[PDB]
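A single chain, nothing else alongside it, follows as structure tokens in the form deposited in one PDB entry.
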């Protein structure tokens, strides 16, 4: 056990509280880092101590690399930690969808370890190669508490299995730490993994959800539920209707404050609304339109899309985050594709600042076309694209 003074310094820092030192030492003991060599059988008091001191960490992507995916030949994107917002502006032909929907592939594999069954969700498909190459690769570097996590989703084509191979060596531990933390305590907060594609507005209506619509089955409202159907890109308002019914039925303070917080999440957004109630009789959900009357089946599609999006995000953050003062302060990644979809042009100047105002702990990697989306965004947050190339 050759112990440098750095080992003792990191040990003292870990006692004071720092996940980074704990995970670094858990790698050190059992390896050759500063010698030492395997001392304990496994995770003596280092990985378990990290799991105990697992709180407040943000699951944020830091570096992605595309190699012959979609129409590209090579791409090296660089996000940042101090800024919780990434906006990808370009045109149809210069792929920012091949950035968002290239990160969702790795996010599916992370979802299938974070809290679900361990299984490979998506891989690189033949309709994804650049019509003529044989090797493809997407690399993602998750950064939790300041420690990197490699990902290689590289595929192969027959006859060329020599330099491309998948390596899930970081997400095999990023989820294991969370499982250990959940073993330590049951009320730990897991991050949110979510993508929202162009199809957000699809299936947002109370058509027959008061009747046979496949939600009639009993529902288990645990922490693992919010991870189901998250990376399909469709906002679930029908399930929000089920949750809203259940919470108000129980309401008739801890069982009531959730709906108040979720509703105030929307009220801080698109204005003029208050006192949203249901219809026990076979009518539609009712919401105010500057205090006369209105229902949800009769709305504007900007209202509809914003309502569905924010309802889904708030409901998943409430499920994922256990009893806490502010359940909406959860961490994770929320991918919004085509954010400039059905919003009046005076909204595409406040949609992003309010998203990072109310839900102010989640990185938002969004894609847009209208320049007005960038009107409230610094120049360093913007990534222009042209002919498979990235400009500042």
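Positions refer to the first chain, counted from 1. Whichever C-alpha set is largest while still superposing within 1.5 Å between the two forms counts as the rigid core.
The same protein has a further form, the form deposited in another entry, not shown here; the description that follows concerns it.
Engineer: Quick check on the comparison between this form and the one not shown: with the core aligned, only one of 199, 122, 264, 161 should show a Cα shift of at least 2 Å. Which one is it?
Structural biologist: Residue with a C-alpha shift of 2 Å or more: 161.
Engineer: On a core-based superposition, does residue 210 travel 2 Å or more at its Cα between this form and the one not shown?
Structural biologist: Yes, residue 210 moves 2 Å or more.
Engineer: Could you check, with the core superposed, whether the Cα atom of residue 44 shifts 2 Å or more between this form and the one not shown?
Structural biologist: It does, since the residue 44 C-alpha is displaced 2 Å or more between this form and the one not shown after the core fit.
Engineer: Does residue 34 move its CA by 2 angstroms or more between this form and the one not shown when the core is aligned?
Structural biologist: Residue 34 C-alpha, core-superposed: shift of 2 Å or more.
Engineer: Between residue 161 and residue 151, do the C-alpha atoms lie closer or farther in the other entry than in the shown form, with a difference of 3 angstroms or more?
Structural biologist: Relative to the displayed form, residue 161 and residue 151 move farther apart in the other entry - a change of at least 3 Å between their C-alphas.
Engineer: Quick one: residue 41 and residue 18 C-alpha atoms, closer or farther in the other entry compared with this form (3 angstroms or more)?
Structural biologist: Compared with the shown chain, residue 41-residue 18 is closer in the other entry.
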